[PDB]
Amino acid sequence: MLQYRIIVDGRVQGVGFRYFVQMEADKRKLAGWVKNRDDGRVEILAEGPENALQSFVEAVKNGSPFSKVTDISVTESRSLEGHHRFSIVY
């Protein structure tokens, strides 16, 4: 489909952000993962149809309770790894 690599910065850890991203990804039937980086940022790999991916990016910007998204970087690829499911990963 398309794969997005999304990096989120701001007040985005210890705020239920991974859970929020996972609920949005499952709602939008996207596959991939969300993971906290040790530098405070959140990485998101998401694969799916373009309408789902675009609307997902907008939802991510709204964040979880107490979060504040100050930046979102997105890079894209047509090469999907064929992920199923969306996981909170370590």
Side-chain angles (χ1 to χ4, degrees), residues 1-67 69-77 80 82-84 86-90:
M1 320 230 51
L2 217 56
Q3 181 189 273
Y4 284 173
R5 292 180 180 182
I6 305 160
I7 299 173
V8 190
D9 199 13
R11 189 198 306 120
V12 293
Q13 296 190 182
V15 288
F17 207 88
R18 294 170 299 176
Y19 162 83
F20 167 71
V21 169
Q22 183 186 49
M23 297 305 96
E24 279 298 321
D26 284 343
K27 167 179 168 164
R28 302 180 192 280
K29 303 181 187 186
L30 301 174
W33 69 83
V34 61
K35 176 177 168 180
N36 281 351
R37 305 301 309 180
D38 65 7
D39 59 33
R41 297 181 295 175
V42 176
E43 87 173 39
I44 304 169
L45 189 278
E47 301 184 349
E50 289 84 355
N51 54 17
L53 283 172
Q54 182 178 154
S55 61
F56 176 71
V57 168
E58 292 310 296
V60 168
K61 289 174 189 173
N62 295 323
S64 58
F66 304 103
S67 77
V69 174
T70 62
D71 188 64
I72 288 189
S73 71
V74 185
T75 62
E76 65 177 60
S77 180
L80 278 69
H83 288 279
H84 288 172
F86 194 94
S87 297
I88 298 173
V89 301
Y90 298 93

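Numbers here are sequence positions counted from 1. Both backbone and side-chain heavy atoms feed into the values below; hydrogens, waters and symmetry mates do not.
Contacts of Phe20 classified as side chain to side chain contact (heavy atoms under 4.5 Å, CB included), with partners at least two apart in sequence or in another chain: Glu24, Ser64. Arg41 pairs by the salt bridge (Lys or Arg N to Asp or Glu O under 4.0 Å) definition with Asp39, not counting sequence neighbours. Residues passing the side chain to side chain contact (heavy atoms under 4.5 Å, CB included) test with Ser73 are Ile7, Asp71, sequence neighbours excluded. When the side chain to side chain donor-acceptor pair (under 3.5 Å) test is applied to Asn51, no partner is found at least two apart in sequence or on another chain. In this structure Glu43 satisfies the side chain to side chain contact (heavy atoms under 4.5 Å, CB included) test together with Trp33, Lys35, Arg37, sequence neighbours excluded.
Smallest separation of non-hydrogen atoms from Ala59 and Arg28: CB-NH2, 4.1 Å. Taking each heavy atom of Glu47 and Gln3 in turn, the nearest pair found is OE2-OE1, 2.8 Å. The two atoms that bring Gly63 and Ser67 nearest to each other are CA-OG, 3.4 Å, heavy atoms only.
Side-chain heavy atoms closer than 4.5 Å link hydrophobic residues (I, L, V, M, F, W, Y) into clusters, and following such links, even through other members, never connects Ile88 to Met23. Residue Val8 is not grouped with residue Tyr19 when hydrophobic side chains (ILVMFWY) are merged at heavy-atom distances under 4.5 angstrom, including chains of intermediate members.
Note that CD of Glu58 and CD1 of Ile72 are 7.5 Å apart. Values are rounded to the nearest 0.5 Å.
The closest donor-acceptor contact from the side chain of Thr70 to the backbone of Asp9 lies under 3.5 Å.
Among the candidates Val42, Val21, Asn36, the single residue satisfying the side chain to side chain contact (heavy atoms under 4.5 Å, CB included) test with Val12 is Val42.
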Full working for side chain to side chain contact (heavy atoms under 4.5 Å, CB included) between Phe17 and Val69:
CA-CA 10 Å; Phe17 207 88; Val69 174; 3.8 Å; yes
Going through the distances and angles, do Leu30 and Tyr4 end up as a side chain to side chain contact (heavy atoms under 4.5 Å, CB included)?
CA-CA 10 Å; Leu30 301 174; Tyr4 284 173; over 6 Å; no
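A salt bridge (charged side-chain N to carboxylate O under 4.0 Å, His left out) check over residues 14-23, counting only residues at least two apart or in different chains, returns nothing.
Inter-residue side-chain proximity for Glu76 and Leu53 is flagged as unmet; no heavy-atom pair is nearer than 4.5 Å. The shortest side-chain heavy-atom distance between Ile6 and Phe56 falls under the 4.5 Å cut-off.
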